[PDB]
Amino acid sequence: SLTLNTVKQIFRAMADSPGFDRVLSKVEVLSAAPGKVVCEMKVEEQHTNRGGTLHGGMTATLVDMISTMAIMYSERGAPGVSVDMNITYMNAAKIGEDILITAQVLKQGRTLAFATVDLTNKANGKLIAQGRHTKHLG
């Protein structure tokens, strides 16, 4: 399995982009194992909605990308293309709060991959949001 430094470099390369992935530049990788990736982020103004809490679209981007990372850490190593994503929002995350983003692969099929993602407050473990992501690998 890969060293944390390797995964961090891969992630940093992904985020150092003119594309939309740039919005994840503040995200840090804490751990990576086959089918499981844990990231951390401090919620800053750039990540927030009008009310100054973590934007639903930022949460969605996190779910999308961190689950993709976990799906990729597999025998096949294919990222796949998004088919379905759902997110349920349960607690607000305010500016300054540290969040954990935990993505777990539920199944790697012949053509489909499925993953779940929890966003939690790092300090007290409070559940911010949970998402599920289905991707087509072919």
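Just count from 1 along the sequence shown to find any residue number.
The question of which stretch, 97 to 105 or 83 to 91, has the higher mean Cα B factor is settled in favour of 97 to 105. In this entry, 15 to 23 has the higher mean Cα B-factor, the comparison being between 15 to 23 and 119 to 127.
When all modelled residues of the chain are sorted by CA temperature factor, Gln46 is found within the highest third. In the deposited entry, the Cα temperature factor of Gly35 sits in the middle third of values across the chain's modelled residues.
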